[PDB]
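Report on the following structure.
Protein chains: 4
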Amino acid sequence: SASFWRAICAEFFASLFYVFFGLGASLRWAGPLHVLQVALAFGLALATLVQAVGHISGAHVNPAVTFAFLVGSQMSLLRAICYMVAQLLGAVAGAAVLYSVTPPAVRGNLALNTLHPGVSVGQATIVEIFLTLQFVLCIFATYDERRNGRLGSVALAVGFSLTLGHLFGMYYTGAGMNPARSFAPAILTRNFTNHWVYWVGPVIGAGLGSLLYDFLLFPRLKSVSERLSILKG
Amino acid sequence: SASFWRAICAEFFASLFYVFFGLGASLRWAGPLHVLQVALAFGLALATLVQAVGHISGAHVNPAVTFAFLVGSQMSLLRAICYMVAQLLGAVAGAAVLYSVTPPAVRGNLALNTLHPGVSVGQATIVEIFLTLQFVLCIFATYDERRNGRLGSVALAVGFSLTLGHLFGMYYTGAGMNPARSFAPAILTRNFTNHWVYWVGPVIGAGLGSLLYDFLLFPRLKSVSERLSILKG
Amino acid sequence: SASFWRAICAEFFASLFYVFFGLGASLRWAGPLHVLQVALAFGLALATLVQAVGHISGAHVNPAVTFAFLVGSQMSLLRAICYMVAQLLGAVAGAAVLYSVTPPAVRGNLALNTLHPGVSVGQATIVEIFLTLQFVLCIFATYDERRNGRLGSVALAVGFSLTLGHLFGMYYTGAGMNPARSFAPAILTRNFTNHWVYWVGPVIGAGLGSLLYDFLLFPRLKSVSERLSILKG
Amino acid sequence: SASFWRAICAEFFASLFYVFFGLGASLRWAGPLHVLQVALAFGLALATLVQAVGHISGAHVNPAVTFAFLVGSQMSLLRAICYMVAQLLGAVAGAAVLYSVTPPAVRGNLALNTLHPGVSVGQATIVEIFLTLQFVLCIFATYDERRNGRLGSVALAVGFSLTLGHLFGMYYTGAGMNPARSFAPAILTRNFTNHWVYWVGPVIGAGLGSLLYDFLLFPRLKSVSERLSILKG
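Chains as they are written, first to last, in the numbering used here: chain Z, 1 to 233; chain S, 234 to 466; chain E, 467 to 699; chain F, 700 to 932.
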């Protein structure tokens, strides 16, 4: 039904907003102030967007997040691909629109995710993994219909999880936690240096999060039947 | 019924508070610290006011927001006009009372919305549009009775949306997102320079937000009948 | 019943905690950082305490707040007096315990509420009034059983209202918004300079808040009968 | 049942995350900025983890917290021991993994809890006590099934309680409030100087919190029967 294309649209616009506001708030340099401010910006961007379209598409706005739900057998392979496609175009569009209204000199590299001189790509990949792992873990747990009438706003919980990822990570890798968010700055600045970290960390972290939740913490046992039936629809 | 004049009163007092506390917290200069602090101040002012009178008038406290609900066919043309009238007088009053208790030298221009030297009015109008667009989008989505038992506090969601608007926007336009909030400082400092941006951006953004929500994301299909019936009451 | 002395105890301990953590976090000087940090500290102290004992005593932890509920005919004159008595002793105790574990040199004046050199006591009284007014207004609205299933945490709403009061007020009067919180530092440092502001502003603001809510925004019409019956119990 | 080993696992992973992100965000020095940022990091780490596994193990992720529930007769002596065991190994593991991905020079002492030169261990023990006391008090009150449909997110309430503990405490003792969180940095840096404070304060504070709640504020009267029956299972 049209109850599918609306979601794809939700994922496109939300991703454009997420990157537009996220990157926009990161322009400049610096420091606690800097980190604190950028951590809150991305976090509140997500909390806002999750309230805005979480009921419509589940507000993934993140390829690694969508990948998590795929292996978690909660969405079809067809939906996953489109979500990720919409997320990549949306992100690029947000970065594009951001570039068009931002004064040069302040533009910098459009907040491209970058490693710290003293951090190896190996350590950086492990950082991005842990960041995305606690992040996806919070998403799965709070989206789980099987629990709590005392959750409060799941939109904010997830947003603050993203903020926590930044408060810690920015010092190491600028905190990617999202392939699409990393990709947009890279494709427009023509700089794919160390970009592998920002696809690998999240995907693996997202993978370990889903697995850890569904197959150990609070098992959601699906029969091989449904798995394929879902991965198909 | 009197269940109409109470709301107008709600919109008047809330607007006076919103501008009084919002502007008051913006006095001085500066920087992350500055932005972070002012972003939170406006955001918590709104979250507070939305809890205070959201059940009474819907706590629009913003002309562009009210305009959004008009074209969204959720209020009558009569209510909209009064809301906006109450919002403009309330704002001016808040700025007035703020001026009366604030020491000169610190008064400055009473936190008048201003463009960054390197930002054209065109880019500034597009910024204000995006700010108000994600803002109204969050308002519509969270006010929508058709969704979530997991929303948490809608008052805070909207407040944090406003904070996000500031964390990004202040650097560009000081972040208006509200004609009344921009107007009060302008009418009292007799400075309407670039004021057009602060009416145009929000109104258009507010317009694109409502349209985007009601006519694409989660369509609320009203028959031409009701539209006029509502725009009339 | 004992369902009265538990509340008095709740108000005593909560007040000791409120002042202990509130003042403790204010030691030193400074600036956004300073204000932001102290605003959040008092705010989260209250949100925490309101969750801790709001169901037991309503968590007034504030004489001006209790006064608001008295004139609002929601508590007896007997309860009000005891609450305020417990709040004053609790506060002093918190400041006392704070003094005993804090290193001198850092102690300063134990975060005594103070006016800004350029702010007259008249302007300062009007500031404290507005601060306490939006504060009590938020308390009444969020405690009102007659509304919202979308309030979220009222504990946090009120806490953030207090934070907003500080983000704006600290620059003017250090932000009292609470006679007991102002009193404790004064009685122990033997400095009652301008102390009148910190009793007068809140009480009046608290008074205007209750009146504004119960007699105009969302009238809670009590017959003269009940008023006295309540003011008596 | 397996509805016991999942919880132990929950407590292990959550503790590893808590310390990994908590310590990681504390690396460096400094100041409001520093404190504010670290306070929020620990706070949001907990709020996140409480949402992630609070429904599975109650998300104690803290020996002093678990001890509180033991004397509160809410868990068996067998569960308590395992929880604390899982919490200690989890913490050490988190600090270990943190060390492996963090650049030296920035590693410092891995955010080891430390006293301020001007603070005696006696004053420091009293500080840690008060910090953990308001903390446990908030936990008990918000976990209490006997109250509120207006609590909002208990995960966030507790998290913000932890943040408040840091906003005040870091200046004194770096804010331990958690034996496991203090232990991990100590065992790996081979520095147990003043470590006694970080086990004694929390345990006593946690003890006074439970007692204060269950035996005075909102008594949860258990017959000697059940007490032992529970302490046994």
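Cβ coordinates follow ideal geometry from the N, Cα and C atoms, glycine included.
- At least one CB of chain Z lies nearer than 8 Å to the CB of F/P802.
- Its Cα nearest to that of S/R380, the residue Z/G58 stands out among Z/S1, Z/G58 and Z/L33.
- With contacts defined as CB atoms closer than 8 Å, Z/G201 and Z/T125 qualify as a contacting pair.
- At a Cβ-Cβ threshold of 8 Å, F/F839 and F/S909 count as neighbours.
- Of all residues in the region 73–90 of chain Z, none comes within less than 7 Å of chain S when Cβ atoms are compared.
- Runs of the alpha helix (DSSP H) lying entirely within the region 616–649 of chain E and spanning at least 4 residues, in chain order: 620–639.
- Of all residues in the region 35–61 of chain Z, only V35 and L36 place a beta-carbon less than 7 Å from a beta-carbon of chain F.
- The C-beta separation of Z/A157 from Z/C138 comes to about 6 Å, placing the pair in contact by the 8 Å criterion.
- The contact set of S/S394 on chain Z, defined by CB atoms closer than 7 Å, consists of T48 in chain order.
- Here the region 514–528 of chain E makes no contact with the region 871–891 of chain F; the two share fewer than three CB pairs at distances below 8 Å.
- Only buried fits S/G440, as 16 or more other CB atoms lie within 10 angstroms of its CB.
- About 15 Å separates the Cβ atoms of S/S248 and S/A344, ruling out a contact at the 8 Å cut-off.
- With respect to F/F834, F/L861 sits close: the two C-beta atoms are nearer than 8 Å.
- Put simply, the backbone Cα of F/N893 is about 10 Å away from that of F/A885.
- The beta carbon of S/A247 does not come within 8 Å of any beta carbon belonging to chain Z, so the residue lies off that interface.
- Counting only Cβ-Cβ distances below 7 Å, F/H894 has no contacts in chain E at all, with the closest Cβ about 19 Å away.
- The shortest C-alpha to C-alpha distance from Z/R6 to any of S/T365, S/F448 and S/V268 is the one to S/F448.
- In terms of beta-carbon proximity, F/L911 stays away from the interface with chain Z, with every pair separated by 8 Å or more.
- Z/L27 sits in coil when the DSSP states are folded into three classes, being neither helix nor strand.
- The shortest C-alpha to C-alpha distance from Z/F21 to any of S/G276, S/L321 and S/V360 is the one to S/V360.
- The C-alpha of S/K465 lies about 23 Å from the C-alpha of S/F245.
- Under the three-state reduction of DSSP output, E/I696 falls in the helix class.
- At a Cβ-Cβ threshold of 8 Å, Z/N113 and Z/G174 count as neighbours.
- The region 893–923 of chain F is shown to contain whole alpha helix (DSSP H) runs of 4 or more residues at 896–911, in chain order.
- Under the three-state reduction of DSSP, F/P884 is assigned to helix.
- Inter-residue distance for F/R806 and F/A738 is about 19 Å (C-alpha atoms, whole angstroms).
- Counting the other CB atoms within 10 Å of its CB gives E/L687 a total below 16, which places it among the exposed residues.
- Counting the other Cβ atoms within 10 Å of the Cβ of E/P685 gives fewer than 16, which makes it exposed.
- Sequence-distant Cβ neighbours of S/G355 in its own chain, meaning closer than 7 Å and more than five residues away, do not exist here.
- Inside the region 303–391 of chain S, DSSP marks whole alpha helix (DSSP H) runs of 4 or more residues at positions 310–334 and 354–376, from first to last along the chain.
- Chain-order list of chain S residues neighbouring E/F634: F254, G257, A258 and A274, by C-beta distance under 7 Å.
- Distances from the CA of E/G635 to each of E/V519, E/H582 and E/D610 were compared; the closest alpha carbon is that of E/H582.
- Annotation: Cβ neighbours of F/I825 in chain E (cutoff 7 Å, chain order): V567.
- Counting C-beta atoms within 10 angstroms of its own C-beta, Z/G54 has 16 or more neighbours from the protein chains shown and is therefore classed as buried.
- If you check the CB distance, S/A278 and E/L683 do not come in under 8 Å.
- At least one C-beta of chain E is nearer than 8 Å to the C-beta of S/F250.
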